[PDB]
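Below: the structure, in structure tokens.
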Amino acid sequence: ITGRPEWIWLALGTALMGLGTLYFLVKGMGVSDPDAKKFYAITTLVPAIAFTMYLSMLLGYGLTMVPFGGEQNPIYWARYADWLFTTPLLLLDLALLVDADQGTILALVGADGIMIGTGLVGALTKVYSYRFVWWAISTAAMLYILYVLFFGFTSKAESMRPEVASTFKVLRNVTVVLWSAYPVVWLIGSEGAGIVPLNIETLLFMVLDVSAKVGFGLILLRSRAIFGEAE
Amino acid sequence: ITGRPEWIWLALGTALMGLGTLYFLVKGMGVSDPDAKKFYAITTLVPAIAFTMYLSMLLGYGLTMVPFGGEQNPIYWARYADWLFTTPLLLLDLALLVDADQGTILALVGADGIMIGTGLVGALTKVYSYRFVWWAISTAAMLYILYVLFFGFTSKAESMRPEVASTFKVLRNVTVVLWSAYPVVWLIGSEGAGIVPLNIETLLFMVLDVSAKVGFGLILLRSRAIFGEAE
Amino acid sequence: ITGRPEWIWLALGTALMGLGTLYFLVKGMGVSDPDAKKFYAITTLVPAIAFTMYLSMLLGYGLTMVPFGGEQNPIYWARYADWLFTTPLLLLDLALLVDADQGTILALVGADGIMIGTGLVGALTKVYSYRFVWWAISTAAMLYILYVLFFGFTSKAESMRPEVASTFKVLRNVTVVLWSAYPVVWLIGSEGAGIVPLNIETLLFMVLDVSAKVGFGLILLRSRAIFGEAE
Ligand SMILES: CC(C)CCC[C@@H](C)CCC[C@@H](C)CCC[C@@H](C)CCOC[C@@H](CO)OCC[C@H](C)CCC[C@H](C)CCC[C@H](C)CCCC(C)C
Ligand SMILES: CC(C)CCC[C@@H](C)CCC[C@@H](C)CCC[C@@H](C)CCOC[C@@H](CO)OCC[C@H](C)CCC[C@H](C)CCC[C@H](C)CCCC(C)C
Ligand SMILES: CC(C)CCC[C@@H](C)CCC[C@@H](C)CCC[C@@H](C)CCOC[C@@H](CO)OCC[C@H](C)CCC[C@H](C)CCC[C@H](C)CCCC(C)C
Ligand SMILES: *C/C=C(C)/C=C/C=C(C)/C=C/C1=C(C)CCCC1(C)C
Ligand SMILES: *C/C=C(C)/C=C/C=C(C)/C=C/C1=C(C)CCCC1(C)C
Ligand SMILES: *C/C=C(C)/C=C/C=C(C)/C=C/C1=C(C)CCCC1(C)C
Ligand SMILES: CCCCCCCCCCCCCCC
Ligand SMILES: CCCCCCCCCCCCCCC
Ligand SMILES: CCCCCCCCCCCCCCC
Ligand SMILES: CCCCCCCCCCCCCCC
Ligand SMILES: CCCCCCCCCCCCCCC
Ligand SMILES: CCCCCCCCCCCCCCC
Ligand SMILES: CCCCCCCCCCCCCC
Ligand SMILES: CCCCCCCCCCCCCC
Ligand SMILES: CCCCCCCCCCCCC
Ligand SMILES: CCCCCCCCCCCCC
Ligand SMILES: CCCCCCCCCCCCC
Ligand SMILES: CCCCCCCCCCC
Ligand SMILES: CCCCCCCCCCC
Ligand SMILES: CCCCCCCCCCC
Ligand SMILES: CCCCCCCCCC
Ligand SMILES: CCCCCCCCCC
Ligand SMILES: CCCCCCCCCC
Ligand SMILES: CCCCCCCCC
Ligand SMILES: CCCCCCCCC
Ligand SMILES: CCCCCCCCC
Ligand SMILES: CCCCCCCC
Ligand SMILES: CCCCCCCC
Ligand SMILES: CCCCCCCC
Ligand SMILES: CCCCCCCC
Ligand SMILES: CCCCCCCC
Ligand SMILES: CCCCCCCC
Ligand SMILES: CCCCCCCC
């Protein structure tokens, strides 16, 4: 484990995702509202999945070597197995908050799968220049997601209860800022141009992951928007 | 790229799926009917997924070598990753058109997963004679799907609006004819008996894919069956 | 095939899953109740999936070698591909029986995915002591599932029709007893401590699989709880 300088950030990430999972699990014990139960189930699964994948990276299972640039490059593939399941769950939290229609939910989840799937292909591609073709396709899929979150959901939240509109607006802004950083870290990190070393890259993804999952969840599950209007 | 004679058909397929995706995306911009939005989302995702997998084959990522018959045989595995997601989406288009019940939808999607999954196992199997055992199981799963589309959905469409009944009947006939060709191309192509060479096999799958996805989508999204009855 | 002593139990399992699939398929022909169709579709898919994965193990495709303990250990990875899809389908049978809320269904299916996913990682892990870390995480996920089936569903079934309450109680008890045996067989078998040899381990999993899928299905599909109350 300790033979890799980035191990400290993988261990911290593992701990923070595990602690986040347990807090949400305990906090959700005393909840019977069927609407609130939906948000607790979605939001608790997110850091639980991330916990297992951070642990796999810490123990060395989620790491492979990819030859490109005449070098064997360490690629943590477990990140994409994490994101494949956690990013659509996070979008479902937002879509259920605004009572989005089914067709829009399917478009979001499908574009998200394309985003993560093409990012994985780009991470494992051995022809250096082709890695950035996949990065560009994946980034186009992300821009579609961000467009929908702004010019489809925002207008839908305003016609909703005030507390669900204000909570959505906050979580929307958090998501757009944090998610946009991921393609940048990829491009300048060891998967892309190799400007930033792997140990610093790992620290950046850990800060982003914890903020986008645990921080996101703390804002959502403390809001009254997750409960139905009741007397 | 150009070192493979089949590259021209992979490049054409990539272009036609990309163009198809963009047309459906633009055409769906001016749509607010929640029913129509469902069909546009399903139908636009189909060629978008196929685009990415054709590109992976063009660039050489979606290709592996499988030893059988005393030879290293080029097997494009990316086809099955495509079909795993696009064939159930196409069946969902048909099932939603006739307002199929949930139990029937689950049976269709499950049989479809078995069809594609066993076809993938057959494509990667190293014992030559066993490849055709998997082909037979996969073909049995397809025949179940075709039976349901005829002796379960057809009777349901007649009790529906006339425009949804006539549109379903057309898309049903297109699907049964085109899908039935796939097991035949597999059997006589490089995955099976090896009668037809890979470059011709690739041309045939490209014609079938574009027809079953883009051609299918053009018929559906030009129909009024996708809109609810409104004044 | 016959070069492996466990082949006899893989062949028996294949036959019993295939026969089970055909019986459920025939029995479900004469069913039009939309509620009953749901249970028949879920319950017939379970042994059909298991059939294909037992066949892959029989023919040698679903087997790999994992080095640990200074030895190349035969690991049947196809079991986890089976369980990944069949265990959530079995939980869906139970959840639909008691009309569970959506949030609870998602929590069950998500915990089940974590259970199977971490068990697969543990089966393929090359550092011997780490294999049991994954076993423990997977077992914690199972205990969560069992808790929900007892202290969330049981109370919900009592407020239901008497026949659905008594049928659920029976299937609940069958599930908790049979599922609990799996982590024990893993721990003492070739994936874990290696006390029980592989051929005996394979026999035990076959008895458990057939009972948990075909036996489970025979109890459910003979009950009147799967039909709506009708005159
Ligand atoms: C509606 C939305 C959900 C739609 C989703 C969008 C999606 C279509 C976007 C594209 C996804 C696609 C790129 C997934 C590729 C997975 C692949 C990286 C797995 C590893 O295989 C890659 C190479 C080794 O580098 O295999 C070496 C050769 C091996 C012999 C490969 C044989 C196994 C194949 C991988 C079998 C295909 C399985 C499916 C891809 C499983 C789904 C994985 C997940 C990442 C989507
Ligand atoms: C309700 C419906 C959706 C049900 C679906 C029906 C489905 C059950 C039908 C059978 C599907 C099954 C054959 C999928 C097999 C995937 C497999 C080809 C992936 C590549 O692995 C094959 C060998 C190399 O040749 O791995 C070499 C050895 C490696 C060490 C393998 C270890 C990884 C395992 C593959 C882990 C299992 C992952 C799941 C199979 C992922 C789903 C893939 C998709 C193709 C279903
Ligand atoms: C809501 C719920 C459904 C959530 C589900 C819970 C889930 C997150 C729990 C953890 C699942 C995770 C451990 C799955 C790992 C699959 C992995 C074993 C496949 C084989 O790859 C392992 C190594 C060889 O040993 O690959 C060698 C290196 C290769 C180069 C690997 C590159 C391919 C990657 C495997 C791509 C990721 C694909 C996804 C993991 C596909 C889903 C598989 C299924 C088992 C979940
Ligand atoms: C909890 C994890 C989250 C919210 C991860 C989000 C990840 C992304 C938005 C990743 C995007 C990428 C691109 C847009 C292209 C480059 C490759 C990716 C996958 C890093
Ligand atoms: C857009 C792609 C489509 C509609 C693909 C359809 C593919 C099939 C219907 C494939 C069927 C197969 C068999 C029936 C057995 C032989 C292997 C397959 C997977 C080619
Ligand atoms: C039809 C198959 C069924 C119902 C299989 C159930 C399997 C389990 C409940 C497996 C549980 C495991 C653990 C709890 C940890 C050890 C590894 C597993 C996956 C065997
Ligand atoms: C979206 C965030 C990207 C900003 C990356 C900042 C990295 C600064 C760290 C110093 C770079 C290390 C280079 C010298 C080793
Ligand atoms: C009462 C609110 C705080 C509860 C404690 C939460 C502990 C989980 C770890 C959170 C750290 C990361 C927060 C986002 C920066
Ligand atoms: C379902 C369509 C299958 C028909 C295949 C027709 C192939 C004819 C092309 C000529 C065969 C090439 C053999 C000589 C190289
Ligand atoms: C107005 C209808 C035609 C629009 C142009 C569609 C261009 C997408 C490519 C379609 C070619 C394949 C059609 C099926 C044979
Ligand atoms: C949950 C069931 C686990 C019980 C396992 C009993 C196995 C007894 C078979 C004899 C053990 C073989 C050891 C000598 C070869
Ligand atoms: C009339 C009920 C029996 C029908 C025959 C079922 C045959 C399928 C194989 C069942 C054997 C396994 C039963 C569970 C132990
Ligand atoms: C194995 C991959 C299957 C999933 C394909 C994605 C489409 C799923 C459609 C689900 C239809 C709704 C069923 C109720
Ligand atoms: C990782 C594979 C999980 C999918 C298994 C297929 C069954 C899914 C059941 C979904 C139940 C409906 C939830 C609302
Ligand atoms: C185009 C939709 C408007 C909202 C999206 C904001 C774009 C942020 C740019 C992200 C940069 C990634 C490289
Ligand atoms: C048996 C259901 C009737 C409709 C299915 C038509 C069968 C077409 C044969 C396809 C040939 C594939 C080898
Ligand atoms: C803790 C929830 C109560 C019901 C679960 C029964 C636990 C059975 C123990 C299984 C042993 C697996 C190692
Ligand atoms: C080795 C660098 C080659 C540059 C390729 C950049 C491709 C980016 C595509 C974005 C449209
Ligand atoms: C090398 C050819 C061996 C023939 C096997 C055919 C199997 C087909 C099974 C269809 C029932
Ligand atoms: C080689 C045996 C090492 C023992 C590790 C046991 C780990 C079990 C963790 C359960 C909390
Ligand atoms: C609940 C605390 C979980 C912390 C265990 C993971 C941290 C790795 C320490 C080496
Ligand atoms: C929108 C046009 C997309 C065409 C790019 C793919 C074709 C491959 C050319 C080499
Ligand atoms: C319907 C009977 C299915 C039996 C075939 C599988 C058994 C393997 C025999 C070698
Ligand atoms: C993106 C930063 C999240 C901050 C988490 C703190 C929330 C406390 C209510
Ligand atoms: C299967 C052939 C499809 C033909 C596509 C043309 C549709 C234009 C309305
Ligand atoms: C767990 C044992 C199941 C027994 C199956 C027999 C059911 C006949 C109704
Ligand atoms: C009005 C809410 C502002 C939230 C933005 C937070 C950016 C990290
Ligand atoms: C909408 C604000 C985008 C912020 C992008 C930050 C990328 C590091
Ligand atoms: C009555 C519609 C006929 C459609 C069949 C088209 C076959 C390619
Ligand atoms: C229902 C007509 C089937 C046509 C099969 C064509 C196979 C090449
Ligand atoms: C295995 C075939 C079953 C025969 C019919 C059983 C009575 C519905
Ligand atoms: C009251 C029903 C008892 C069922 C338990 C069966 C254990 C195999
Ligand atoms: C609730 C009874 C548990 C039985 C466990 C059996 C494990 C072999």
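Letters A, B, ... are given to chains in the order of the sequence lines, protein chains preceding strands, and every chain is numbered from 1. The analysis underlying the following values was restricted to heavy atoms, covering all of them including side chains, and did not include hydrogens, waters or symmetry mates. Atoms within each ligand, like the ligands themselves, are counted from 1 in listed order.
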**Asked** Among all protein non-hydrogen atoms, which one is nearest to atom 5 (C) of ligand 24, and what is the separation to 0.1 Å?
**Response** A:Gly215 CA, 4.0 Å
**Prompt:** About how many Å separate CZ of B:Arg4 and CG of B:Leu10, when rounded to the nearest 0.5 Å?
**Reply:** 6.5 Å
**Request:** Please report which non-hydrogen protein atom sits nearest to atom 12 (C) of ligand 12, along with the residue it belongs to and the distance in Å to one decimal place.
**Result:** C:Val210 CG1, 3.9 Å
**Item:** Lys/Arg cation over aromatic A:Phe68: A:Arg131, 6.0 Å, 45° cone
**Value:** yes
**Prompt:** Roughly how far, to the nearest 0.5 Å, is the CG atom of C:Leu97 from the CG atom of C:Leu220?
**Reply:** 6.5 Å
**Item:** Heavy-atom side-chain proximity of A:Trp179 to A:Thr87 below 4.5 angstrom
**Value:** yes
**Complete:** Under 4.0 Å between heavy atoms, the region of C:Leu19 that gets near ligand 12 turns out to be neither
**Fill in**
To the nearest 0.5 Å, atom CD1 of A:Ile42 lies from atom CG of A:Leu92 at 4.0 Å
**Message:** Checking contacts now, so for atom 2 (C) of ligand 18, which I'm interested in, is there any protein heavy atom under 4.0 Å?
**Reply:** no
**Request:** If you have a sec, work out which protein heavy atom is nearest atom 5 (C) of ligand 18 and how many Å separate them, to one decimal?
**Result:** A:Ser129 O, 4.4 Å
**Message:** Is atom 3 (C) of ligand 12 near the protein, in the sense that some protein heavy atom lies at less than 4.0 Å from it?
**Reply:** no
**Request:** Have a look at C:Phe216, C:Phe24, C:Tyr23 and point out the one with the heavy atom closest to atom 6 (C) of ligand 12.
**Result:** C:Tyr23
**Request:** Would you verify that at least one protein heavy atom lies under 4.0 Å from atom 15 (C) of ligand 12, or report that none does?
**Result:** no
**Message:** Counting non-hydrogen protein atoms only, what is the nearest one to atom 13 (C) of ligand 12? Give residue, atom name and distance.
**Reply:** C:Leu218 CD1, 4.1 Å
**Prompt:** Stepwise, does the side chain to side chain contact (heavy atoms under 4.5 Å, CB included) test hold for B:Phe51 with B:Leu16?
**Reply:** CA-CA 8 Å; B:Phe51 164 81; B:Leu16 291 168; over 6 Å; no
**atom 9 (C) of ligand 24 - nearest protein heavy atom and its distance** = A:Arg222 NH1, 3.3 Å
**Prompt:** Do C:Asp35 and C:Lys38 sit within salt-bridge range, that is, some charged N less than 4.0 Å from a carboxylate O?
**Reply:** yes
**Asked** So which protein heavy atom does atom 8 (C) of ligand 24 come closest to, and at what separation?
**Response** A:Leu218 CB, 4.6 Å
**Fill in**
Nearest non-hydrogen protein atom to atom 8 (C) of ligand 18, with distance, is A:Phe132 O, 4.2 Å
**Message:** Under a 4.0 angstrom heavy-atom cut-off, which atoms of ligand 18 come close to A:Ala136?
**Reply:** 10 (C)
**Prompt:** At their closest point, which heavy atom of A:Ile116 faces which heavy atom of A:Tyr80, and how far apart are they?
**Reply:** CG2-O, 3.6 Å
**Request:** Assign the ring pair A:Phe205 / A:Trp83 to parallel, tilted or perpendicular, where the plane angle (0 to 90°) is split at 30° and 60°.
**Result:** perpendicular
**Heavy-atom nearest neighbour of atom 10 (C) of ligand 12 within options C:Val214, C:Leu16, C:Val207** = C:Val214
